[PDB]
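Engineer: Got a structure for you, questions after.
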Amino acid sequence: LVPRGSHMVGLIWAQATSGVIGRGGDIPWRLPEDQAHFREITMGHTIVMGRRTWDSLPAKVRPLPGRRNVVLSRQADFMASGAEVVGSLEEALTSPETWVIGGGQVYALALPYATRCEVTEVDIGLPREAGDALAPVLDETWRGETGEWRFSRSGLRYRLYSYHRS
Ligand SMILES: NC(=O)c1ccc[n+]([C@@H]2O[C@H](COP(=O)([O-])OP(=O)(O)OC[C@H]3O[C@@H](n4cnc5c(N)ncnc54)[C@H](OP(=O)(O)O)[C@@H]3O)[C@@H](O)[C@H]2O)c1
Ligand SMILES: CCc1nc(N)nc(N)c1OCCCOc1ncccc1/C=C/CO
Ligand SMILES: [Cl-]
Ligand code: NA
């Protein structure tokens with residue numbers, strides 16, 4: 001459970017088996033099971049994203065509904081209609097439960113404060129290319145639960161991981 005006086009920080013991302021999460025300003029696959037899982041985990045909570053992840057959402061869909069949207073930017077003139085733009089994790093992590101929803105820069109920024117990671121891994125061979133966004137690497141303070149391989153309606157294998165630490 002999450003006490004209302006606490007500040008719990010989780011990271012949620014989907015990756016190829018290579019660790020790639022983003023390429024050319026987008027996610028280089030689509031997986032409906034992952035979209036549903038992302039919604040199930042984050043609904044009702046604050047979501048924090050980097051400015052480039054805000055840019056990657058079509059204007060018509062943002063801010064993502066049912067969640068307080070917070071965008072990290074260092075640009076004093078960047079504005080996100082419907083959402084709050086802050087310049088640091090300190091300002092972004094004021095809710096009792098926050099999910100950092102990407103991308104690569106912001107996962108690495110938020111990892112020192114996080115105690116949970118929820119990962120979808122898609123079994124698509126997408127090797128790391130220059131400029132890709134990548135999943136954060138998790139050291140031995142993290143302990144993980146790895147689900148068995150499942151099979152999507154779209155014909156891709158995928159599996160879920162849940163990581164925790166103190
Ligand atoms: N597969 C997934 O789960 C997933 C999830 C989310 C995103 N993505 C993909 O990942 C890519 C985006 O990731 P990315 O690493 O390029 O960018 P990002 O992490 O989404 O955003 C980077 C921006 O965040 C701001 N920022 C970074 N560090 C900051 C700090 N310390 N303080 C304040 N603001 C800070 C900066 O904005 P300013 O430049 O405005 O200062 C920076 O340019 C896209 O391809 C996207 O589609 C994938
Ligand atoms: C559903 C993707 C996803 N999955 C997991 N597991 N964690 C995340 N942090 C995550 O990114 C959410 C922000 C980026 O969203 C999108 N970016 C590009 C194209 C489509 C979307 C989807 C929006 C809502 O379906
Ligand atoms: Cl969503
Ligand atoms: Na996930």
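To be explicit about the labels: the chains of the structure tokens are called A, B, and onward in the order shown, and within each one the residues are counted from 1, while ligands get numbers from 1 in the order they are shown.
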Go through the chains and note each residue within 12 Å of ligand 4, using only C-alpha atoms and all ligand atoms, then give the set as an MDAnalysis selection string.
Structural biologist: chainID A and resid 10:16 21 31:42 99:102 116:122 135 146:147 158:163
Engineer: 9 Å from ligand 1 is the threshold here; counting only C-alpha atoms and all ligand atoms, which polymer residues fall inside it? Answer as a PDB file with C-alpha atoms, in the first residue's frame.
Structural biologist:
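Result file is pocket.pdb:
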ATOM      1  CA  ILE A  12       7.201   2.167 -16.394  1.00  0.00           C
ATOM      2  CA  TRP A  13       8.497   1.463 -19.909  1.00  0.00           C
ATOM      3  CA  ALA A  14       8.274  -0.938 -22.840  1.00  0.00           C
ATOM      4  CA  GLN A  15      11.470  -2.161 -24.502  1.00  0.00           C
ATOM      5  CA  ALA A  16      12.694  -4.395 -27.271  1.00  0.00           C
ATOM      6  CA  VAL A  20      15.668   0.139 -27.289  1.00  0.00           C
ATOM      7  CA  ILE A  21      12.658   2.189 -26.201  1.00  0.00           C
ATOM      8  CA  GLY A  22      12.573   5.034 -28.732  1.00  0.00           C
ATOM      9  CA  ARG A  23      13.773   5.894 -32.207  1.00  0.00           C
ATOM     10  CA  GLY A  24      13.148   8.837 -34.515  1.00  0.00           C
ATOM     11  CA  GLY A  25      10.871  10.528 -31.972  1.00  0.00           C
ATOM     12  CA  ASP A  26       8.545   7.535 -31.616  1.00  0.00           C
ATOM     13  CA  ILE A  27       8.259   4.026 -30.221  1.00  0.00           C
ATOM     14  CA  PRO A  28       9.400   1.694 -33.049  1.00  0.00           C
ATOM     15  CA  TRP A  29       6.563  -0.811 -32.560  1.00  0.00           C
ATOM     16  CA  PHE A  38       0.412   0.957 -19.223  1.00  0.00           C
ATOM     17  CA  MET A  49       7.446  12.604 -18.780  1.00  0.00           C
ATOM     18  CA  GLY A  50      10.341  14.281 -20.521  1.00  0.00           C
ATOM     19  CA  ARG A  51       9.597  17.094 -22.962  1.00  0.00           C
ATOM     20  CA  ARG A  52      10.548  14.880 -25.920  1.00  0.00           C
ATOM     21  CA  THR A  53       7.990  12.287 -24.822  1.00  0.00           C
ATOM     22  CA  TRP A  54       5.316  14.984 -24.633  1.00  0.00           C
ATOM     23  CA  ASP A  55       6.317  15.987 -28.186  1.00  0.00           C
ATOM     24  CA  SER A  56       5.909  12.367 -29.340  1.00  0.00           C
ATOM     25  CA  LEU A  57       2.250  12.177 -28.284  1.00  0.00           C
ATOM     26  CA  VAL A  71       6.427  17.488 -18.205  1.00  0.00           C
ATOM     27  CA  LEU A  72      10.127  18.056 -17.500  1.00  0.00           C
ATOM     28  CA  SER A  73      11.876  20.785 -19.504  1.00  0.00           C
ATOM     29  CA  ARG A  74      14.788  23.172 -18.993  1.00  0.00           C
ATOM     30  CA  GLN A  75      13.361  25.619 -21.533  1.00  0.00           C
ATOM     31  CA  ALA A  76      11.614  28.494 -19.781  1.00  0.00           C
ATOM     32  CA  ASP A  77       9.357  29.018 -22.818  1.00  0.00           C
ATOM     33  CA  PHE A  78       8.274  25.419 -23.423  1.00  0.00           C
ATOM     34  CA  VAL A  86       8.579  21.924 -14.308  1.00  0.00           C
ATOM     35  CA  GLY A  87      12.343  22.161 -14.482  1.00  0.00           C
ATOM     36  CA  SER A  88      13.297  19.394 -12.038  1.00  0.00           C
ATOM     37  CA  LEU A  89      12.327  16.098 -10.450  1.00  0.00           C
ATOM     38  CA  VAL A 100       7.705   8.230 -14.637  1.00  0.00           C
ATOM     39  CA  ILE A 101       6.600   7.304 -18.158  1.00  0.00           C
ATOM     40  CA  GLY A 102       9.776   8.153 -20.123  1.00  0.00           C
ATOM     41  CA  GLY A 103      11.758   8.709 -22.030  1.00  0.00           C
ATOM     42  CA  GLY A 104      15.383   7.597 -21.880  1.00  0.00           C
ATOM     43  CA  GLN A 105      16.824  10.765 -20.361  1.00  0.00           C
ATOM     44  CA  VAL A 106      14.115  11.025 -17.703  1.00  0.00           C
ATOM     45  CA  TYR A 107      14.289   7.333 -16.673  1.00  0.00           C
ATOM     46  CA  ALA A 108      17.998   7.763 -15.981  1.00  0.00           C
ATOM     47  CA  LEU A 109      17.264  10.994 -14.079  1.00  0.00           C
ATOM     48  CA  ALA A 110      14.542   9.445 -11.916  1.00  0.00           C
ATOM     49  CA  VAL A 119       8.640  -3.324 -17.748  1.00  0.00           C
ATOM     50  CA  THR A 120       7.134  -4.738 -20.910  1.00  0.00           C
ATOM     51  CA  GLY A 131      20.582   8.204 -31.200  1.00  0.00           C
ATOM     52  CA  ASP A 132      18.089   5.648 -29.868  1.00  0.00           C
ATOM     53  CA  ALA A 133      16.473   6.118 -26.496  1.00  0.00           C
ATOM     54  CA  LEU A 134      17.316   3.181 -24.235  1.00  0.00           C
ATOM     55  CA  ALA A 135      15.850   1.638 -21.104  1.00  0.00           C
TER      56      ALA A 135
END
Engineer: Write out as a list in words all residues of segment 132-166 of chain A that backbone DSSP assigns to strand (DSSP E or B).
Structural biologist: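 The strand (DSSP E or B) residues within segment 132-166 of chain A come out as residues 133, 134, 143, 144, 145, 146, 150, 151, 157, 158, 159, 160, 161, 162, 163 and 164 of chain A.
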Engineer: With distances taken over only C-alpha atoms, which residue among A:63, A:115, A:166, A:46 lies nearest residue 94 of chain A?
Structural biologist: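 Closest residue, counting only C-alpha atoms: A:46.
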Engineer: Which of these, A:82, A:19, A:65, A:3, has the shortest distance to ligand 2 once you count only C-alpha atoms and all ligand atoms?
Structural biologist: A:65
Engineer: What's around residue 126 of chain A at 7 Å? Count only C-alpha atoms, leave out sequence neighbours fewer than 2 positions away in its own chain, and write the answer as a ChimeraX atom specification.
Structural biologist: /A:16,18,124,128
Engineer: Store the residues picked out above, limited to C-alpha atoms, as a tab-separated table (two decimals), in the first residue's frame.
Structural biologist:
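The result, stored in out_4.tsv:
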chain	number	residue	atom	x	y	z
A	16	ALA	CA	12.69	-4.40	-27.27
A	18	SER	CA	17.93	-4.94	-27.06
A	124	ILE	CA	11.31	-7.94	-31.69
A	128	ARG	CA	20.52	-0.40	-30.82
Engineer: List every residue of chain A that DSSP, applied to the backbone of this structure, assigns to alpha helix (DSSP H), and report them as JSON, numbers by chain.
Structural biologist: {"A": [32, 33, 34, 35, 36, 37, 38, 39, 40, 41, 42, 51, 52, 53, 54, 55, 56, 89, 90, 91, 92, 104, 105, 106, 107, 108, 109, 110]}
Engineer: Selection from above, C-alpha atoms, as a PDB file, in the first residue's frame, can you write it?
Structural biologist:
ATOM      1  CA  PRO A  32      -1.996  -3.230 -27.728  1.00  0.00           C
ATOM      2  CA  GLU A  33      -1.352  -5.472 -24.713  1.00  0.00           C
ATOM      3  CA  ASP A  34       1.326  -2.999 -23.657  1.00  0.00           C
ATOM      4  CA  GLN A  35      -0.958  -0.002 -24.120  1.00  0.00           C
ATOM      5  CA  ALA A  36      -3.593  -1.685 -21.929  1.00  0.00           C
ATOM      6  CA  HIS A  37      -0.999  -2.594 -19.273  1.00  0.00           C
ATOM      7  CA  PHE A  38       0.412   0.957 -19.223  1.00  0.00           C
ATOM      8  CA  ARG A  39      -3.101   2.326 -18.636  1.00  0.00           C
ATOM      9  CA  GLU A  40      -3.901  -0.220 -15.914  1.00  0.00           C
ATOM     10  CA  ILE A  41      -0.765   0.688 -13.952  1.00  0.00           C
ATOM     11  CA  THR A  42      -0.813   4.459 -14.286  1.00  0.00           C
ATOM     12  CA  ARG A  51       9.597  17.094 -22.962  1.00  0.00           C
ATOM     13  CA  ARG A  52      10.548  14.880 -25.920  1.00  0.00           C
ATOM     14  CA  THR A  53       7.990  12.287 -24.822  1.00  0.00           C
ATOM     15  CA  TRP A  54       5.316  14.984 -24.633  1.00  0.00           C
ATOM     16  CA  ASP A  55       6.317  15.987 -28.186  1.00  0.00           C
ATOM     17  CA  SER A  56       5.909  12.367 -29.340  1.00  0.00           C
ATOM     18  CA  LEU A  89      12.327  16.098 -10.450  1.00  0.00           C
ATOM     19  CA  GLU A  90      11.942  17.892  -7.105  1.00  0.00           C
ATOM     20  CA  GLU A  91       8.983  19.873  -8.443  1.00  0.00           C
ATOM     21  CA  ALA A  92       7.610  16.875 -10.329  1.00  0.00           C
ATOM     22  CA  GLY A 104      15.383   7.597 -21.880  1.00  0.00           C
ATOM     23  CA  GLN A 105      16.824  10.765 -20.361  1.00  0.00           C
ATOM     24  CA  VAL A 106      14.115  11.025 -17.703  1.00  0.00           C
ATOM     25  CA  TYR A 107      14.289   7.333 -16.673  1.00  0.00           C
ATOM     26  CA  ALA A 108      17.998   7.763 -15.981  1.00  0.00           C
ATOM     27  CA  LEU A 109      17.264  10.994 -14.079  1.00  0.00           C
ATOM     28  CA  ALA A 110      14.542   9.445 -11.916  1.00  0.00           C
TER      29      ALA A 110
END
Engineer: If we count only C-alpha atoms, what is near residue 69 of chain A at a cut-off of 7 Å, once residues fewer than 3 positions away on the same chain are taken out, given as an mmCIF file with N, CA, C and O atoms, in the first residue's frame?
Structural biologist:
data_model
loop_
_atom_site.group_PDB
_atom_site.id
_atom_site.type_symbol
_atom_site.label_atom_id
_atom_site.label_comp_id
_atom_site.auth_asym_id
_atom_site.auth_seq_id
_atom_site.Cartn_x
_atom_site.Cartn_y
_atom_site.Cartn_z
ATOM 1 N N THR A 46 -0.253 10.522 -10.765
ATOM 2 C CA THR A 46 0.521 11.497 -11.527
ATOM 3 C C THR A 46 1.480 10.778 -12.474
ATOM 4 O O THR A 46 2.094 9.773 -12.106
ATOM 5 N N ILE A 47 1.586 11.269 -13.716
ATOM 6 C CA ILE A 47 2.569 10.759 -14.667
ATOM 7 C C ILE A 47 3.541 11.879 -15.003
ATOM 8 O O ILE A 47 3.140 13.029 -15.237
ATOM 9 N N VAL A 48 4.824 11.545 -15.000
ATOM 10 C CA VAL A 48 5.894 12.497 -15.296
ATOM 11 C C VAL A 48 6.607 12.032 -16.562
ATOM 12 O O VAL A 48 6.989 10.857 -16.664
ATOM 13 N N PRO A 63 -3.184 16.291 -22.901
ATOM 14 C CA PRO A 63 -2.584 15.440 -21.868
ATOM 15 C C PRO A 63 -3.300 14.102 -21.741
ATOM 16 O O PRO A 63 -4.496 14.050 -21.972
ATOM 17 N N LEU A 64 -2.579 13.049 -21.383
ATOM 18 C CA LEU A 64 -3.199 11.739 -21.267
ATOM 19 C C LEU A 64 -4.263 11.783 -20.169
ATOM 20 O O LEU A 64 -4.008 12.324 -19.086
ATOM 21 N N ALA A 83 -1.249 20.633 -19.098
ATOM 22 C CA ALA A 83 -0.303 19.950 -18.234
ATOM 23 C C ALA A 83 0.621 20.980 -17.594
ATOM 24 O O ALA A 83 0.629 22.159 -17.960
ATOM 25 N N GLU A 84 1.390 20.526 -16.608
ATOM 26 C CA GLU A 84 2.342 21.368 -15.892
ATOM 27 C C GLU A 84 3.750 21.071 -16.383
ATOM 28 O O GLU A 84 4.140 19.904 -16.466
#
Engineer: From the set A:96, A:136, A:112, A:125, which residue has the shortest atom-to-atom contact distance to residue 44 of chain A, counting only C-alpha atoms?
Structural biologist: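 Of the candidates, the smallest distance to residue 44 of chain A is held by A:96.
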Engineer: Restricting the calculation to only C-alpha atoms, which member of A:127, A:144, A:5, A:155 is positioned closest to residue 17 of chain A?
Structural biologist: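 Distance minimum relative to residue 17 of chain A lands on A:127.
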Engineer: In Å, how far is it from atom CA of residue 43 of chain A to atom 14 (C, counted along the ligand's line) of ligand 2?
Structural biologist: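 Atom-to-atom, atom CA of residue 43 of chain A and atom 14 (C, counted along the ligand's line) of ligand 2 are spaced 13.9 Å apart.
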Engineer: Skip residue 157 of chain A itself and residues of its chain fewer than 2 positions away, then list as a list in words all residues within 6 Å of it, counting only C-alpha atoms.
Structural biologist: residues 123, 150 and 151 of chain A
Engineer: Expressed in Å to a single decimal, how great is the separation between atom CA of residue 61 of chain A and atom 5 (C, counted along the ligand's line) of ligand 2?
Structural biologist: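 Between these atoms lies a distance of 15.8 Å.
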Engineer: Hey, which of A:4, A:67, A:143, A:60 ends up closest to ligand 3? Count only C-alpha atoms and all ligand atoms.
Structural biologist: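 Counting only C-alpha atoms and all ligand atoms, the residue closest to ligand 3 is A:67.
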